[PDB]
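Student: So I've got this experimental structure, pasted below with the sequence.
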Amino acid sequence: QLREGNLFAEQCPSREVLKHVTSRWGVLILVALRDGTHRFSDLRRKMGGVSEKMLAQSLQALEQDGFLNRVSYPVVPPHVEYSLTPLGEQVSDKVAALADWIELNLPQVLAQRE
Amino acid sequence: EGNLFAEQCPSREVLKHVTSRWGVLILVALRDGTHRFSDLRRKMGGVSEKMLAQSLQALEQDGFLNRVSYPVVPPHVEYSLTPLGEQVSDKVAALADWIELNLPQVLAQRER
Ligand SMILES: [Cl-]
Ligand SMILES: [Cl-]
């Protein structure tokens, strides 16, 4: 279906894309790669609290969405490296503006919760 | 200031709230103006009363929403964006719109 999405529609696939890019690991992946290529072990390092499995699972959902390049190096020690595609750069700009806004306006939000 | 990379940062909770499926829809719908609970509910395909009530409570406790109760019979409740909710909403709506706009390219990468 080559339509534009409608998030208000029950079962539009944009809801899935939205979930992938704003899940707690998807956001961190997308913000981190703005700095450049990272190996699996570099992401896993910055993101305290993520298991291997859940990281593999976000990285995979983001790659099949078209946001990441994944390059294998079977050479010893083996690594897999990740970077953003041009499409992935766009969404990442949107995710980062939001993440930044939140980090910056947190004290007013916390001062609200009482 | 927040740090989303740190496992215990409250920025993660607020992020969860503005970025949930229902939270995104509430923040985008209210950009049109004040809505009743029932008008939100009819726009958001698949939402339960419980889930709609839960996201609205979280967005109001964060400072993003005004709630006005009309206890007259039949009772109703109205929501609008605070100035602060207008600001997160802009960033949320820009993200919602990019995703919907670029959905065709995403689906094309899925089939490959
Ligand atoms: Cl690796
Ligand atoms: Cl109502």
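Tutor: Nice, I can see it. Numbers count the residues shown, from 1 in each chain, chains lettered A, B, ... in the order given. Ligands and ions are numbered 1, 2, ... in the order given.

Student: The longest helix anywhere in chain A near chain B anywhere?
Tutor: In chain A, with assignment by DSSP state H, the single longest helix is helix A:86-110. Yes - for a cut-off given as CB under 8 Å from any CB of the partner chain, helix A:86-110 has contacts with chain B, namely A:87, A:90-91, A:94-95, A:97-99, A:101-110. C-beta here means a position set from N, CA and C on the backbone, and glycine is covered the same way.

Student: And for the closest residue to chain B within chain A, the neighbour number?
Tutor: Taking CB to the nearest CB as the measure, the point where chain A comes nearest chain B is residue A:66, at 2.9 Å. Residue A:66 has 21 neighbours, counted by other CB atoms under 10 Å in any protein chain shown.

Student: Check chain A and tell me which residue is nearest its centre.
Tutor: For chain A, residue A:26 is the residue whose C-alpha lies nearest the centre (CA atoms, centre = their mean; 2.8 Å).

Student: for the residue of chain A found nearest ligand 2, helix, strand, or coil?
Tutor: As assessed by CB to the ion, ligand 2 sits closest to residue A:8 within chain A, at 18.0 Å. Here residue A:8 is coil, with the state taken from DSSP: H, G, I helix; E, B strand; the rest coil.

Student: I figured it was touching residue B:24, is that so?
Tutor: No - counting by CB atoms under 8 Å, residue B:24 is not a contact partner of residue A:8; they are 9.8 Å apart.

Student: ok, how many other residues are close to residue A:112?
Tutor: 14.

Student: that's a strand at it, yeah?
Tutor: No - counting by three-state DSSP, residue A:112 is located in no strand; its state is coil.

Student: how about the closest residue to it other than its chain neighbours, what does it touch?
Tutor: What sits nearest to residue A:112 in space, not counting adjacent residues and going by CB to CB, 6 or more residues apart in numbering or on different chains, is residue B:63, at 3.5 Å. By CB atoms under 8 Å, 6 or more residues apart in numbering or on different chains, the contact set of residue B:63 is A:108-109, A:112-113, B:82, B:84-85.

Student: Alright, that wraps it up for me.
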